[PDB]
Amino acid sequence: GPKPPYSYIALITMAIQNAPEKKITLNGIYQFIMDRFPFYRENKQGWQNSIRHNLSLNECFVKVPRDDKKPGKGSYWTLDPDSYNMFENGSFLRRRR
DNA sequence: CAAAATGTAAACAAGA
DNA sequence: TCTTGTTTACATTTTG
Ligand SMILES: [Mg+2]
């Protein structure tokens with residue numbers, strides 16, 4: 001199908017906010033996106049590289065260490081408290097300020 | 001308009 | 001070899 005209107009910053013924010021403890025692994029972001037929007041089930045090589053790119057580049061996505069090496073691999077990704085509500089509505093179509 | 005934000009691709013590295 | 005994470009580069013879009 002066609003690509004949804006949501007940006008990569010918006011997609012990552014959805015996954016973090018959806019997590020019960022508001023922290024999510026990189027693979028959990030993949031599964032959240034693909035489960036929510038079937039378009040990203042195809043051609044995983046491209047948009048996942050963009051996902052990683054946005055996690056490191058943007059200050060809003062801060063990586064924090066993990067408890068033990070049991071749940072998956074890598075570290076948890078969380079939202080910088082300043083940019084938690086960086087989107088206006090909760091429809092995630094554009095940022096505020 | 002200029003600058004910032006964003007999308008996309010890719011070189012690169014540490015580690016299991 | 002694969003996964004994760006960082007970084008530079010460039011074109012297009014959005015914002016101020
Ligand atoms: Mg970051």
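Order of the sequence lines fixes the chain letters, A, B, ..., with proteins taken first and strands second; residue numbering starts at 1 for each chain. In what follows, every heavy atom counts, from backbone to side chain, and hydrogens, waters and symmetry copies are set aside.
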Closest to the 5' end of DNA chain B, once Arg52(A) and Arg95(A) are matched to their nearest nucleotides, is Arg95(A)
Could you provide the dot-bracket string of DNA chain B, using ( ) for intrastrand pairs, [ ] for crossing pairs and | for bases paired to another strand, with Watson-Crick or G-U pairs below 3.5 Å? |||..||||||.||||
Could you work out, with side chain to side chain donor-acceptor pair (under 3.5 Å) as the rule, every residue matching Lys23(A), not counting sequence neighbours? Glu21(A)
Boundaries of the DNA chain B segment in contact with chain A, non-hydrogen, under 4.0 Å: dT6(B) to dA10(B)
Let me check something: any side-chain donor-acceptor pairs from residues 34-45 of chain A under 3.5 Å, sequence neighbours excluded? List them with distances.
unit_1: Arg41(A); atom_1: NE; unit_2: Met34(A); atom_2: O; d: 3.3
unit_1: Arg41(A); atom_1: NH2; unit_2: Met34(A); atom_2: O; d: 3.1
unit_1: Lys44(A); atom_1: NZ; unit_2: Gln48(A); atom_2: OE1; d: 2.8

Where along residues 16-41 of chain A does a heavy atom fall under 4.0 Å from DNA chain C? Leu26(A), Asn27(A), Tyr30(A)
Looking at every heavy atom in both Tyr8(A) and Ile51(A), which two are closest together, and how far apart are they? CD2-CD1, 3.8 Å
Given side chains that start at C-beta, do those of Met14(A) and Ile33(A) come closer than 4.5 Å, heavy atoms only? no
CD1 of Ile24(A) to CG of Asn18(A): how many Å apart, nearest 0.5 Å? 7.0 Å
Heavy atoms under 4.0 Å, any strand shown: does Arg97(A) hit a base, just sugar-phosphate, or nothing? sugar-phosphate
From CG (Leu11(A)) to CD1 (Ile29(A)), nearest 0.5 Å: 10.0 Å
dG16(C) and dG7(B): how far apart are their P atoms, nearest whole angstrom? 16 Å
Which residues share a ring pair (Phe, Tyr, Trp, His ring centres under 6.0 Å) with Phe92(A), sequence neighbours left out: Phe87(A)
Can you confirm whether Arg94(A) is buried at CZ, in the sense that more than 12 heavy atoms of other residues, nucleotides or ligands lie under 6.0 Å from that atom? no
Ignoring hydrogens and angles, tell me if any N or O in the side chain of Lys69(A) forms a donor-acceptor pair with the backbone of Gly72(A) under 3.5 Å. yes
Identify, residue by residue, the members of residues 69-84 of chain A with a heavy atom below 4.0 Å from DNA chain B, and return them in order of residue number, or none. none
With rounding to the nearest 0.5 Å, note down the distance linking CZ in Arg52(A) to OH in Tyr30(A). 4.0 Å
Heavy-atom pair of closest approach, residues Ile9(A) and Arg95(A): CG2-NH1, 4.4 Å
Taking salt bridge (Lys or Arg N to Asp or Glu O under 4.0 Å) as the cut-off, I'd like each qualifying pair that reaches into residues 71-87 of chain A, sequence neighbours left out, listed once. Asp82(A)-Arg97(A)
Any side-chain heavy-atom pair of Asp67(A) and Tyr76(A) under 4.5 Å: yes
Counted 5' to 3', the first and last nucleotides of DNA chain C within 4.0 Å (strictly under) of a heavy-atom of chain A are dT3(C) to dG16(C)
Name each donor-acceptor pair under 3.5 Å that joins a side chain in residues 54-65 of chain A to protein atoms two or more places apart or in another chain, with its distance.
unit_1: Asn58(A); atom_1: ND2; unit_2: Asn54(A); atom_2: O; d: 3.0

For DNA chain B, the residues among residues 2-10 of chain A that have a non-hydrogen atom under 4.0 Å from it: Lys3(A), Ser7(A), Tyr8(A), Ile9(A)
What are the residues of residues 56-65 of chain A, sorted by number, that bring a heavy atom to within less than 4.0 Å of DNA chain C? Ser56(A), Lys63(A)
Side chain to side chain, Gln17(A) and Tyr84(A), heavy atoms closer than 4.5 Å: yes
Testing the basics here: between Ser83(A) and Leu79(A), what is the closest heavy-atom pair and its distance to 0.1 Å? O-CD2, 4.1 Å
